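Trainee: Next up, start-v3.txt (compact mmCIF, C-alpha atoms).
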# COMPACT_ATOMS: atom_id res chain seq x y z
CA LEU A 1 43.02 -13.63 10.97
CA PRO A 2 45.08 -16.32 9.19
CA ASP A 3 47.27 -18.89 10.91
CA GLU A 4 50.47 -16.81 10.86
CA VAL A 5 48.63 -14.01 12.70
CA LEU A 6 47.27 -16.41 15.33
CA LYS A 7 50.75 -17.89 15.85
CA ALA A 8 52.32 -14.42 15.92
CA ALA A 9 49.71 -13.35 18.48
CA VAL A 10 51.44 -15.67 21.02
CA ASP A 11 54.77 -16.73 19.50
CA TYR A 12 55.89 -13.11 19.05
CA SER A 13 54.07 -11.70 22.09
CA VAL A 14 55.07 -14.32 24.70
CA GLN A 15 58.52 -12.69 24.78
CA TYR A 16 57.09 -9.41 26.16
CA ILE A 17 54.15 -10.56 28.35
CA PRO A 18 55.15 -11.47 31.95
CA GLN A 19 51.42 -11.73 32.77
CA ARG A 20 49.28 -14.71 33.68
CA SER A 21 46.73 -13.30 31.19
CA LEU A 22 48.77 -14.35 28.12
CA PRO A 23 46.31 -17.03 26.83
CA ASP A 24 43.78 -14.25 26.09
CA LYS A 25 46.35 -11.65 24.99
CA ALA A 26 45.89 -12.82 21.39
CA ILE A 27 42.35 -11.40 21.52
CA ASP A 28 43.69 -7.98 22.55
CA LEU A 29 46.16 -7.92 19.65
CA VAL A 30 43.57 -8.74 16.98
CA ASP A 31 41.05 -6.46 18.72
CA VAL A 32 43.43 -3.48 18.74
CA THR A 33 44.63 -4.41 15.25
CA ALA A 34 41.07 -4.08 13.94
CA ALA A 35 40.74 -0.88 15.97
CA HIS A 36 43.84 0.55 14.27
CA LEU A 37 42.93 -0.87 10.86
CA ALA A 38 39.49 0.68 11.38
CA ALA A 39 41.19 4.09 11.11
CA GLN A 40 41.19 3.55 7.33
CA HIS A 41 37.36 3.53 7.01
CA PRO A 42 35.59 5.48 9.77
CA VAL A 43 33.87 7.86 7.30
CA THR A 44 31.93 5.79 4.77
CA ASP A 45 28.64 7.62 4.20
CA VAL A 46 26.49 4.49 4.19
CA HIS A 47 23.79 6.58 5.86
CA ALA A 48 23.81 9.09 2.97
CA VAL A 49 21.97 6.45 0.92
CA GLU A 50 19.88 5.14 3.84
CA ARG A 51 18.54 8.65 4.41
CA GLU A 52 17.71 8.79 0.69
CA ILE A 53 15.87 5.46 0.99
CA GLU A 54 13.82 6.65 3.98
CA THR A 55 12.78 9.67 1.90
CA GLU A 56 11.95 7.61 -1.19
CA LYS A 57 10.16 5.01 0.94
CA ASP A 58 8.19 7.81 2.62
CA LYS A 59 7.11 8.97 -0.84
CA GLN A 60 6.42 5.34 -1.79
CA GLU A 61 4.04 4.96 1.16
CA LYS A 62 2.23 8.08 -0.09
CA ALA A 63 2.18 6.90 -3.71
CA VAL A 64 0.47 3.76 -2.42
CA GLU A 65 -2.19 5.61 -0.41
CA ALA A 66 -2.95 7.64 -3.54
CA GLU A 67 -2.95 4.35 -5.51
CA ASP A 68 -0.31 5.77 -7.87
CA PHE A 69 1.51 2.53 -8.66
CA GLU A 70 3.59 3.71 -11.61
CA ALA A 71 5.21 6.04 -9.08
CA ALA A 72 5.22 3.42 -6.33
CA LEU A 73 6.92 0.86 -8.59
CA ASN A 74 9.50 3.44 -9.69
CA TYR A 75 10.45 4.02 -6.05
CA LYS A 76 10.74 0.31 -5.22
CA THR A 77 12.93 0.11 -8.33
CA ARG A 78 15.28 2.90 -7.22
CA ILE A 79 15.47 1.74 -3.58
CA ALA A 80 16.45 -1.77 -4.68
CA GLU A 81 19.41 -0.26 -6.54
CA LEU A 82 20.13 2.03 -3.58
CA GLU A 83 20.04 -0.92 -1.17
CA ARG A 84 22.45 -2.85 -3.40
CA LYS A 85 24.80 0.16 -3.34
CA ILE A 86 24.94 0.13 0.48
CA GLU A 87 25.52 -3.62 0.71
CA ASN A 88 28.34 -3.37 -1.84
CA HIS A 89 30.19 -0.82 0.32
CA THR A 90 31.31 -3.73 2.53
CA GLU A 91 33.47 -5.03 -0.33
CA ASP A 92 35.48 -1.76 -0.38
CA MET A 93 36.32 -2.12 3.35
CA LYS A 94 38.33 -5.34 3.66
CA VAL A 95 40.33 -5.35 6.90
CA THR A 96 43.69 -7.09 6.34
CA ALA A 97 46.68 -6.63 8.64
CA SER A 98 50.08 -7.88 7.68
CA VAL A 99 51.50 -10.16 10.36
CA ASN A 100 54.26 -7.54 10.64
CA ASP A 101 51.60 -4.93 11.42
CA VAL A 102 50.11 -7.21 14.09
CA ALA A 103 53.60 -7.59 15.53
CA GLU A 104 53.94 -3.81 15.46
CA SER A 105 50.74 -3.57 17.55
CA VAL A 106 52.83 -5.05 20.38
CA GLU A 107 54.92 -1.83 20.35
CA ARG A 108 52.20 0.74 19.59
CA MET A 109 50.21 0.18 22.81
CA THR A 110 53.25 -0.79 24.94
CA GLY A 111 55.94 1.66 23.83
CA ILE A 112 58.74 -0.94 23.74
CA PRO A 113 61.17 -0.35 20.77
CA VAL A 114 61.23 -3.86 19.28
CA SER A 115 60.21 -3.48 15.63
CA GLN A 116 63.55 -5.08 14.66
CA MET A 117 62.33 -8.49 15.90
CA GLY A 118 62.37 -11.35 15.20
CA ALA A 119 62.33 -15.09 15.93
CA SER A 120 63.85 -14.16 19.20
CA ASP A 121 63.68 -17.10 21.60
CA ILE A 122 67.49 -17.33 21.33
CA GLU A 123 68.30 -13.93 19.82
CA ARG A 124 67.49 -12.10 23.05
CA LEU A 125 69.27 -14.74 25.15
CA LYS A 126 72.63 -14.09 23.46
CA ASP A 127 72.33 -10.51 22.14
CA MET A 128 70.67 -8.67 25.05
CA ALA A 129 73.92 -9.18 26.96
CA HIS A 130 75.84 -7.51 24.12
CA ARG A 131 73.02 -4.96 23.73
CA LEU A 132 73.43 -4.02 27.40
CA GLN A 133 77.18 -3.29 27.36
CA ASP A 134 76.75 -0.96 24.38
CA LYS A 135 74.94 1.37 26.85
CA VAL A 136 76.92 0.54 30.04
CA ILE A 137 79.55 2.74 31.67
CA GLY A 138 81.76 0.40 33.68
CA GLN A 139 83.18 -3.10 33.88
CA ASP A 140 82.10 -5.61 31.24
CA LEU B 1 -42.11 13.52 -14.16
CA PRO B 2 -42.88 16.05 -16.94
CA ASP B 3 -45.59 18.68 -16.79
CA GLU B 4 -48.33 16.55 -18.38
CA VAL B 5 -47.79 13.91 -15.67
CA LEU B 6 -47.97 16.50 -12.88
CA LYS B 7 -51.17 17.94 -14.36
CA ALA B 8 -52.61 14.46 -14.90
CA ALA B 9 -51.75 13.60 -11.29
CA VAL B 10 -54.51 16.05 -10.20
CA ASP B 11 -56.53 16.95 -13.30
CA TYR B 12 -57.32 13.28 -14.04
CA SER B 13 -57.39 12.11 -10.42
CA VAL B 14 -59.57 14.87 -8.89
CA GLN B 15 -62.57 13.19 -10.53
CA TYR B 16 -62.14 10.03 -8.40
CA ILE B 17 -60.77 11.37 -5.07
CA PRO B 18 -63.49 12.49 -2.60
CA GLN B 19 -60.74 12.87 0.04
CA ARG B 20 -59.34 15.95 1.74
CA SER B 21 -55.90 14.42 1.06
CA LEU B 22 -56.00 15.24 -2.69
CA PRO B 23 -53.18 17.87 -2.66
CA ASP B 24 -50.69 15.10 -1.77
CA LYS B 25 -52.34 12.38 -3.89
CA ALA B 26 -50.04 13.33 -6.78
CA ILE B 27 -47.12 11.99 -4.73
CA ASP B 28 -48.87 8.62 -4.33
CA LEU B 29 -49.45 8.32 -8.08
CA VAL B 30 -45.83 9.02 -9.04
CA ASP B 31 -44.63 6.90 -6.10
CA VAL B 32 -46.73 3.89 -7.14
CA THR B 33 -45.89 4.57 -10.79
CA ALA B 34 -42.18 4.22 -10.01
CA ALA B 35 -43.03 1.16 -7.91
CA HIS B 36 -44.80 -0.43 -10.88
CA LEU B 37 -42.21 0.78 -13.39
CA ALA B 38 -39.58 -0.67 -11.04
CA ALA B 39 -40.96 -4.12 -11.95
CA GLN B 40 -38.96 -3.83 -15.19
CA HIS B 41 -35.54 -3.75 -13.45
CA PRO B 42 -35.51 -5.49 -10.05
CA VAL B 43 -32.80 -7.99 -11.09
CA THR B 44 -29.78 -6.06 -12.35
CA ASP B 45 -26.71 -7.86 -10.99
CA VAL B 46 -24.82 -4.69 -10.07
CA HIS B 47 -23.43 -6.62 -7.10
CA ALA B 48 -21.98 -9.31 -9.40
CA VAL B 49 -19.29 -6.78 -10.34
CA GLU B 50 -19.03 -5.24 -6.85
CA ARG B 51 -18.25 -8.69 -5.44
CA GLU B 52 -15.59 -9.05 -8.14
CA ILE B 53 -14.13 -5.67 -7.14
CA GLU B 54 -13.97 -6.63 -3.45
CA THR B 55 -12.05 -9.76 -4.48
CA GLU B 56 -9.68 -7.89 -6.80
CA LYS B 57 -9.23 -5.13 -4.21
CA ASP B 58 -8.49 -7.77 -1.57
CA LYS B 59 -5.77 -9.13 -3.87
CA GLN B 60 -4.62 -5.56 -4.54
CA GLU B 61 -4.14 -4.95 -0.81
CA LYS B 62 -2.00 -8.11 -0.72
CA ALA B 63 -0.03 -7.16 -3.85
CA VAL B 64 0.80 -3.91 -2.05
CA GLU B 65 1.98 -5.58 1.17
CA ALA B 66 4.23 -7.80 -0.96
CA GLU B 67 5.33 -4.65 -2.84
CA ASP B 68 4.29 -6.26 -6.14
CA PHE B 69 3.21 -3.12 -7.98
CA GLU B 70 2.98 -4.51 -11.49
CA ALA B 71 0.22 -6.71 -10.05
CA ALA B 72 -1.18 -3.91 -7.89
CA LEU B 73 -1.39 -1.54 -10.87
CA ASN B 74 -3.05 -4.23 -12.99
CA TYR B 75 -5.79 -4.59 -10.36
CA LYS B 76 -6.40 -0.84 -10.05
CA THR B 77 -6.63 -0.89 -13.86
CA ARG B 78 -9.26 -3.64 -13.96
CA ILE B 79 -11.31 -2.25 -11.05
CA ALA B 80 -11.51 1.16 -12.73
CA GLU B 81 -13.07 -0.51 -15.76
CA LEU B 82 -15.28 -2.62 -13.48
CA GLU B 83 -16.42 0.48 -11.58
CA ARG B 84 -17.27 2.21 -14.86
CA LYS B 85 -19.35 -0.83 -15.85
CA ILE B 86 -21.47 -0.56 -12.69
CA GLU B 87 -22.01 3.19 -13.03
CA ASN B 88 -23.08 2.72 -16.67
CA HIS B 89 -25.84 0.28 -15.64
CA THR B 90 -27.90 3.31 -14.54
CA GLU B 91 -28.21 4.38 -18.19
CA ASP B 92 -29.95 1.09 -19.07
CA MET B 93 -32.62 1.66 -16.37
CA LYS B 94 -34.43 4.86 -17.37
CA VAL B 95 -37.84 5.05 -15.67
CA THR B 96 -40.37 6.68 -18.03
CA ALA B 97 -44.12 6.31 -17.62
CA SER B 98 -46.49 7.43 -20.29
CA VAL B 99 -49.06 9.86 -18.92
CA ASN B 100 -51.61 7.22 -19.96
CA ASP B 101 -49.81 4.71 -17.73
CA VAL B 102 -49.90 7.19 -14.84
CA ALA B 103 -53.62 7.60 -15.47
CA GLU B 104 -53.94 3.81 -15.46
CA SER B 105 -52.32 3.76 -12.00
CA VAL B 106 -55.56 5.38 -10.78
CA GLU B 107 -57.38 2.14 -11.70
CA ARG B 108 -54.71 -0.43 -10.75
CA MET B 109 -54.70 0.37 -7.01
CA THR B 110 -58.39 1.42 -6.86
CA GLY B 111 -60.14 -1.14 -9.06
CA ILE B 112 -62.42 1.39 -10.77
CA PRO B 113 -62.94 0.57 -14.53
CA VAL B 114 -62.14 3.97 -16.05
CA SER B 115 -59.36 3.38 -18.59
CA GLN B 116 -61.67 4.85 -21.27
CA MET B 117 -61.22 8.35 -19.80
CA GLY B 118 -60.84 11.16 -20.60
CA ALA B 119 -61.12 14.94 -20.20
CA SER B 120 -64.14 14.20 -18.17
CA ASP B 121 -65.21 17.29 -16.22
CA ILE B 122 -68.30 17.43 -18.47
CA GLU B 123 -68.26 13.92 -19.96
CA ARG B 124 -69.30 12.32 -16.67
CA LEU B 125 -71.87 15.06 -16.00
CA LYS B 126 -73.85 14.24 -19.16
CA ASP B 127 -72.97 10.59 -19.89
CA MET B 128 -73.12 8.97 -16.43
CA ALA B 129 -76.87 9.54 -16.55
CA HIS B 130 -77.05 7.66 -19.85
CA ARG B 131 -74.50 5.14 -18.54
CA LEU B 132 -76.79 4.43 -15.59
CA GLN B 133 -79.97 3.64 -17.54
CA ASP B 134 -78.08 1.12 -19.69
CA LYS B 135 -77.89 -1.01 -16.50
CA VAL B 136 -81.23 -0.02 -14.88
CA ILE B 137 -84.36 -2.15 -14.74
CA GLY B 138 -87.26 0.27 -14.35
CA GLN B 139 -88.51 3.75 -15.14
CA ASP B 140 -86.15 6.11 -16.98
Please express the file's structure as structure tokens.
Mentor:
Amino acid sequence: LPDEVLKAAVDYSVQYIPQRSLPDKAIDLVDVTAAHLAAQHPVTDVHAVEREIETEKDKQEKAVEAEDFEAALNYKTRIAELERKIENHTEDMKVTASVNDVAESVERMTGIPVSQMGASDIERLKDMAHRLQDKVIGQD
Amino acid sequence: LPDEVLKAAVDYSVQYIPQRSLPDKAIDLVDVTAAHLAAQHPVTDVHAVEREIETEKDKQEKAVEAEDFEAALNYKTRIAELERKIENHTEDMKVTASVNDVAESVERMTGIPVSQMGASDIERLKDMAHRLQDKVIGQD
């Protein structure tokens, strides 16, 4: 969550939050951002290796009771590799929103068509009046 | 306890046992024979290796808890040799009386000077009379 995301979490959102709860709205945007970014990796089969380890460890415990330590060492050898495989899955699951994607979160869960924005402290002040009359039927 | 010892346990001993308990006297002679033959090997330090095994096994149990199975295998390797050393001590402790030594047991725990014997069913019948007069003072 770099600085431009933290700033965008309030500087972009303050325009569309009439609530007293704004100071904690930045949490909701990064929370829902991670929730939507988490749609990329909900299906990593980390447990496919863990279930293999629990099997190989269960054999290891039996190789030990039989005092078969060539077999027991071979299993500790494989599991160590298997454990390193699981821990390395984290590196394939970096969660990185663009600040534009964080700004788009403001529309996704609000339904307010504002993806065109913006640095819009002044832009809305002057253009929303013109934006209105484009849809008005009557006096200007 | 070969056949000549079993025969000697009664055939030699019947001459000097006025007891009703003769049929089980052969047990006493082979029992005391082993007791006297056991004076050759009362000091084998079989436990000197067993105490080494209990140490190496105690390390082995710790090598296993640490999952150090190069060390654990090395200890199972040494103990196996150490266990074979103990079991092979039995072969250096064969217990073999001569039938003459079994016959000498009849004197050792009785105190009756008869090592010169013998096949003496008839020898005593004829010679004990002559053996007497050699120690007599008087008429023949």
Trainee: Quick one, how far is atom CA of residue A:69 from atom CA of residue B:73?
Mentor: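 Taking atom CA of residue A:69 as the start and atom CA of residue B:73 as the end point, the length is 5.5 Å.
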Trainee: May I have chain A as a PDB file with C-alpha atoms, keeping the file's coordinate frame, after a least-squares superposition on chain B that uses all C-alpha atoms paired in order?
Mentor:
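selection.pdb written:
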ATOM      1  CA  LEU A   1     -42.111  13.518 -14.168  1.00  0.00           C
ATOM      2  CA  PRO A   2     -42.879  16.050 -16.934  1.00  0.00           C
ATOM      3  CA  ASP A   3     -45.599  18.685 -16.791  1.00  0.00           C
ATOM      4  CA  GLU A   4     -48.333  16.548 -18.380  1.00  0.00           C
ATOM      5  CA  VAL A   5     -47.785  13.906 -15.672  1.00  0.00           C
ATOM      6  CA  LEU A   6     -47.966  16.495 -12.881  1.00  0.00           C
ATOM      7  CA  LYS A   7     -51.173  17.942 -14.363  1.00  0.00           C
ATOM      8  CA  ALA A   8     -52.609  14.455 -14.905  1.00  0.00           C
ATOM      9  CA  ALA A   9     -51.753  13.601 -11.293  1.00  0.00           C
ATOM     10  CA  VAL A  10     -54.516  16.048 -10.196  1.00  0.00           C
ATOM     11  CA  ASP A  11     -56.531  16.946 -13.303  1.00  0.00           C
ATOM     12  CA  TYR A  12     -57.314  13.285 -14.040  1.00  0.00           C
ATOM     13  CA  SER A  13     -57.388  12.107 -10.414  1.00  0.00           C
ATOM     14  CA  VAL A  14     -59.562  14.871  -8.894  1.00  0.00           C
ATOM     15  CA  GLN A  15     -62.569  13.187 -10.533  1.00  0.00           C
ATOM     16  CA  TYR A  16     -62.137  10.030  -8.399  1.00  0.00           C
ATOM     17  CA  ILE A  17     -60.766  11.372  -5.071  1.00  0.00           C
ATOM     18  CA  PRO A  18     -63.491  12.494  -2.601  1.00  0.00           C
ATOM     19  CA  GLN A  19     -60.744  12.875   0.038  1.00  0.00           C
ATOM     20  CA  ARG A  20     -59.347  15.946   1.742  1.00  0.00           C
ATOM     21  CA  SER A  21     -55.895  14.425   1.060  1.00  0.00           C
ATOM     22  CA  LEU A  22     -55.999  15.237  -2.684  1.00  0.00           C
ATOM     23  CA  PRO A  23     -53.179  17.873  -2.659  1.00  0.00           C
ATOM     24  CA  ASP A  24     -50.689  15.098  -1.779  1.00  0.00           C
ATOM     25  CA  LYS A  25     -52.345  12.386  -3.895  1.00  0.00           C
ATOM     26  CA  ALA A  26     -50.041  13.330  -6.783  1.00  0.00           C
ATOM     27  CA  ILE A  27     -47.124  11.986  -4.721  1.00  0.00           C
ATOM     28  CA  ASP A  28     -48.868   8.616  -4.331  1.00  0.00           C
ATOM     29  CA  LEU A  29     -49.447   8.324  -8.085  1.00  0.00           C
ATOM     30  CA  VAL A  30     -45.826   9.017  -9.043  1.00  0.00           C
ATOM     31  CA  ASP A  31     -44.638   6.901  -6.096  1.00  0.00           C
ATOM     32  CA  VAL A  32     -46.728   3.885  -7.137  1.00  0.00           C
ATOM     33  CA  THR A  33     -45.898   4.566 -10.788  1.00  0.00           C
ATOM     34  CA  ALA A  34     -42.187   4.217 -10.008  1.00  0.00           C
ATOM     35  CA  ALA A  35     -43.032   1.161  -7.906  1.00  0.00           C
ATOM     36  CA  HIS A  36     -44.802  -0.432 -10.885  1.00  0.00           C
ATOM     37  CA  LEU A  37     -42.211   0.782 -13.391  1.00  0.00           C
ATOM     38  CA  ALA A  38     -39.586  -0.668 -11.043  1.00  0.00           C
ATOM     39  CA  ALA A  39     -40.953  -4.119 -11.945  1.00  0.00           C
ATOM     40  CA  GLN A  40     -38.957  -3.824 -15.187  1.00  0.00           C
ATOM     41  CA  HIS A  41     -35.530  -3.755 -13.448  1.00  0.00           C
ATOM     42  CA  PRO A  42     -35.510  -5.490 -10.051  1.00  0.00           C
ATOM     43  CA  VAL A  43     -32.793  -7.992 -11.090  1.00  0.00           C
ATOM     44  CA  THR A  44     -29.776  -6.054 -12.351  1.00  0.00           C
ATOM     45  CA  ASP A  45     -26.711  -7.857 -10.988  1.00  0.00           C
ATOM     46  CA  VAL A  46     -24.819  -4.695 -10.069  1.00  0.00           C
ATOM     47  CA  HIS A  47     -23.438  -6.623  -7.099  1.00  0.00           C
ATOM     48  CA  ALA A  48     -21.983  -9.314  -9.399  1.00  0.00           C
ATOM     49  CA  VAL A  49     -19.292  -6.779 -10.342  1.00  0.00           C
ATOM     50  CA  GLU A  50     -19.024  -5.245  -6.852  1.00  0.00           C
ATOM     51  CA  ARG A  51     -18.248  -8.686  -5.438  1.00  0.00           C
ATOM     52  CA  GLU A  52     -15.590  -9.050  -8.149  1.00  0.00           C
ATOM     53  CA  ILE A  53     -14.121  -5.675  -7.142  1.00  0.00           C
ATOM     54  CA  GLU A  54     -13.970  -6.631  -3.452  1.00  0.00           C
ATOM     55  CA  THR A  55     -12.048  -9.760  -4.476  1.00  0.00           C
ATOM     56  CA  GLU A  56      -9.681  -7.888  -6.794  1.00  0.00           C
ATOM     57  CA  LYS A  57      -9.229  -5.124  -4.214  1.00  0.00           C
ATOM     58  CA  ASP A  58      -8.487  -7.773  -1.573  1.00  0.00           C
ATOM     59  CA  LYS A  59      -5.772  -9.134  -3.867  1.00  0.00           C
ATOM     60  CA  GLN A  60      -4.620  -5.561  -4.545  1.00  0.00           C
ATOM     61  CA  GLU A  61      -4.138  -4.948  -0.816  1.00  0.00           C
ATOM     62  CA  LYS A  62      -1.998  -8.108  -0.725  1.00  0.00           C
ATOM     63  CA  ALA A  63      -0.033  -7.163  -3.846  1.00  0.00           C
ATOM     64  CA  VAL A  64       0.802  -3.916  -2.055  1.00  0.00           C
ATOM     65  CA  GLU A  65       1.975  -5.583   1.167  1.00  0.00           C
ATOM     66  CA  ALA A  66       4.229  -7.797  -0.959  1.00  0.00           C
ATOM     67  CA  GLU A  67       5.324  -4.641  -2.843  1.00  0.00           C
ATOM     68  CA  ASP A  68       4.292  -6.259  -6.140  1.00  0.00           C
ATOM     69  CA  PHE A  69       3.218  -3.110  -7.976  1.00  0.00           C
ATOM     70  CA  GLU A  70       2.976  -4.516 -11.495  1.00  0.00           C
ATOM     71  CA  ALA A  71       0.226  -6.707 -10.049  1.00  0.00           C
ATOM     72  CA  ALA A  72      -1.179  -3.916  -7.890  1.00  0.00           C
ATOM     73  CA  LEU A  73      -1.391  -1.539 -10.866  1.00  0.00           C
ATOM     74  CA  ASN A  74      -3.055  -4.231 -12.988  1.00  0.00           C
ATOM     75  CA  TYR A  75      -5.786  -4.592 -10.361  1.00  0.00           C
ATOM     76  CA  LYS A  76      -6.401  -0.843 -10.049  1.00  0.00           C
ATOM     77  CA  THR A  77      -6.626  -0.884 -13.851  1.00  0.00           C
ATOM     78  CA  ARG A  78      -9.260  -3.639 -13.963  1.00  0.00           C
ATOM     79  CA  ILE A  79     -11.312  -2.250 -11.050  1.00  0.00           C
ATOM     80  CA  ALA A  80     -11.504   1.163 -12.724  1.00  0.00           C
ATOM     81  CA  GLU A  81     -13.073  -0.518 -15.760  1.00  0.00           C
ATOM     82  CA  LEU A  82     -15.282  -2.625 -13.479  1.00  0.00           C
ATOM     83  CA  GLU A  83     -16.417   0.475 -11.577  1.00  0.00           C
ATOM     84  CA  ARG A  84     -17.261   2.213 -14.860  1.00  0.00           C
ATOM     85  CA  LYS A  85     -19.347  -0.829 -15.849  1.00  0.00           C
ATOM     86  CA  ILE A  86     -21.472  -0.556 -12.684  1.00  0.00           C
ATOM     87  CA  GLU A  87     -22.017   3.190 -13.035  1.00  0.00           C
ATOM     88  CA  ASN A  88     -23.081   2.724 -16.664  1.00  0.00           C
ATOM     89  CA  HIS A  89     -25.837   0.286 -15.638  1.00  0.00           C
ATOM     90  CA  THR A  90     -27.897   3.311 -14.539  1.00  0.00           C
ATOM     91  CA  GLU A  91     -28.208   4.384 -18.185  1.00  0.00           C
ATOM     92  CA  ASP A  92     -29.952   1.081 -19.072  1.00  0.00           C
ATOM     93  CA  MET A  93     -32.619   1.666 -16.372  1.00  0.00           C
ATOM     94  CA  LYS A  94     -34.433   4.862 -17.372  1.00  0.00           C
ATOM     95  CA  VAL A  95     -37.836   5.044 -15.675  1.00  0.00           C
ATOM     96  CA  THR A  96     -40.369   6.682 -18.027  1.00  0.00           C
ATOM     97  CA  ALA A  97     -44.129   6.317 -17.617  1.00  0.00           C
ATOM     98  CA  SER A  98     -46.494   7.440 -20.298  1.00  0.00           C
ATOM     99  CA  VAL A  99     -49.068   9.861 -18.917  1.00  0.00           C
ATOM    100  CA  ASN A 100     -51.611   7.215 -19.960  1.00  0.00           C
ATOM    101  CA  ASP A 101     -49.806   4.710 -17.733  1.00  0.00           C
ATOM    102  CA  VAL A 102     -49.899   7.184 -14.832  1.00  0.00           C
ATOM    103  CA  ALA A 103     -53.618   7.592 -15.468  1.00  0.00           C
ATOM    104  CA  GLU A 104     -53.939   3.810 -15.462  1.00  0.00           C
ATOM    105  CA  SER A 105     -52.319   3.764 -11.992  1.00  0.00           C
ATOM    106  CA  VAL A 106     -55.557   5.385 -10.784  1.00  0.00           C
ATOM    107  CA  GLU A 107     -57.378   2.132 -11.700  1.00  0.00           C
ATOM    108  CA  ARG A 108     -54.712  -0.432 -10.750  1.00  0.00           C
ATOM    109  CA  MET A 109     -54.701   0.371  -7.009  1.00  0.00           C
ATOM    110  CA  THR A 110     -58.388   1.421  -6.861  1.00  0.00           C
ATOM    111  CA  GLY A 111     -60.138  -1.145  -9.058  1.00  0.00           C
ATOM    112  CA  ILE A 112     -62.425   1.392 -10.773  1.00  0.00           C
ATOM    113  CA  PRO A 113     -62.943   0.568 -14.531  1.00  0.00           C
ATOM    114  CA  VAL A 114     -62.147   3.973 -16.054  1.00  0.00           C
ATOM    115  CA  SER A 115     -59.369   3.377 -18.590  1.00  0.00           C
ATOM    116  CA  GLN A 116     -61.671   4.849 -21.271  1.00  0.00           C
ATOM    117  CA  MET A 117     -61.222   8.354 -19.798  1.00  0.00           C
ATOM    118  CA  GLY A 118     -60.836  11.162 -20.597  1.00  0.00           C
ATOM    119  CA  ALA A 119     -61.117  14.941 -20.198  1.00  0.00           C
ATOM    120  CA  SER A 120     -64.145  14.196 -18.162  1.00  0.00           C
ATOM    121  CA  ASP A 121     -65.207  17.287 -16.226  1.00  0.00           C
ATOM    122  CA  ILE A 122     -68.302  17.430 -18.472  1.00  0.00           C
ATOM    123  CA  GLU A 123     -68.261  13.925 -19.959  1.00  0.00           C
ATOM    124  CA  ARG A 124     -69.302  12.322 -16.675  1.00  0.00           C
ATOM    125  CA  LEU A 125     -71.871  15.059 -15.998  1.00  0.00           C
ATOM    126  CA  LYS A 126     -73.853  14.240 -19.155  1.00  0.00           C
ATOM    127  CA  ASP A 127     -72.970  10.589 -19.887  1.00  0.00           C
ATOM    128  CA  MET A 128     -73.121   8.971 -16.427  1.00  0.00           C
ATOM    129  CA  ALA A 129     -76.879   9.543 -16.547  1.00  0.00           C
ATOM    130  CA  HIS A 130     -77.051   7.659 -19.857  1.00  0.00           C
ATOM    131  CA  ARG A 131     -74.494   5.141 -18.542  1.00  0.00           C
ATOM    132  CA  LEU A 132     -76.788   4.432 -15.583  1.00  0.00           C
ATOM    133  CA  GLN A 133     -79.971   3.633 -17.540  1.00  0.00           C
ATOM    134  CA  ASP A 134     -78.082   1.123 -19.692  1.00  0.00           C
ATOM    135  CA  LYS A 135     -77.883  -1.009 -16.495  1.00  0.00           C
ATOM    136  CA  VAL A 136     -81.228  -0.011 -14.883  1.00  0.00           C
ATOM    137  CA  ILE A 137     -84.362  -2.149 -14.739  1.00  0.00           C
ATOM    138  CA  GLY A 138     -87.255   0.274 -14.346  1.00  0.00           C
ATOM    139  CA  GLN A 139     -88.504   3.753 -15.148  1.00  0.00           C
ATOM    140  CA  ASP A 140     -86.152   6.107 -16.982  1.00  0.00           C
TER     141      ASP A 140
END
Trainee: When the cut-off is 8 Å and we count only C-alpha atoms, which residues of chain B are near chain A, given as a VMD selection string?
Mentor: chain B and resid 64 67 to 70 72 to 73 76
Trainee: Selected residues, C-alpha atoms, written as a CSV table (one decimal), in the frame of the given file, please.
Mentor:
chain,number,residue,atom,x,y,z
B,64,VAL,CA,0.8,-3.9,-2.0
B,67,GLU,CA,5.3,-4.6,-2.8
B,68,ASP,CA,4.3,-6.3,-6.1
B,69,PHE,CA,3.2,-3.1,-8.0
B,70,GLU,CA,3.0,-4.5,-11.5
B,72,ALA,CA,-1.2,-3.9,-7.9
B,73,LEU,CA,-1.4,-1.5,-10.9
B,76,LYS,CA,-6.4,-0.8,-10.0
Trainee: If I take atom CA of residue B:45 and atom CA of residue B:109, how far is one from the other in Å, to one decimal?
Mentor: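 Computing it gives 29.4 Å between the two atoms.
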Trainee: Check the smallest atom-to-atom distance from each of B:89, B:95, B:56, B:25 to residue B:39 using only C-alpha atoms, then report the winner.
Mentor: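 Of all the options, B:95 lies closest to residue B:39.
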Trainee: If I take atom CA of residue B:135 and atom CA of residue B:13, how far is one from the other in Å, to one decimal?
Mentor: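 Taking atom CA of residue B:135 and atom CA of residue B:13, their separation equals 25.1 Å.
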Trainee: Select, from A:136, A:46, A:103, A:82, the residue with the minimum atom-to-atom distance to residue A:14, counting only C-alpha atoms.
Mentor: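 Of the candidates, the smallest distance to residue A:14 is held by A:103.
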Trainee: Here's a test: counting all atoms listed in the file, identify every protein, DNA and RNA residue with an atom at most 12 Å from (-43.9, 7.0, -9.5) in the file's coordinate frame, and state them as an MDAnalysis selection string.
Mentor: chainID B and resid 1:2 5:6 9 25:39 95:99 101:103 105:106
Trainee: Got a sec to check which residues sit within 7 Å of (-11.8, -7.9, -9.8), counting only C-alpha atoms, and write them as a list in words?
Mentor: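 The residues near that point, listed by chain and number, are residues 52, 53, 54, 55, 56, 57, 75, 78 and 79 of chain B.
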Trainee: Would you mind exporting C-alpha atoms of the selected residues as a short mmCIF file (atom, residue, chain, number, x, y, z; two decimals), keeping the file's coordinate frame?
Mentor:
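The resulting part.cif:
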data_model
loop_
_atom_site.label_atom_id
_atom_site.label_comp_id
_atom_site.auth_asym_id
_atom_site.auth_seq_id
_atom_site.Cartn_x
_atom_site.Cartn_y
_atom_site.Cartn_z
CA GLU B 52 -15.59 -9.05 -8.14
CA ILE B 53 -14.13 -5.67 -7.14
CA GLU B 54 -13.97 -6.63 -3.45
CA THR B 55 -12.05 -9.76 -4.48
CA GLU B 56 -9.68 -7.89 -6.80
CA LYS B 57 -9.23 -5.13 -4.21
CA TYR B 75 -5.79 -4.59 -10.36
CA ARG B 78 -9.26 -3.64 -13.96
CA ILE B 79 -11.31 -2.25 -11.05
#
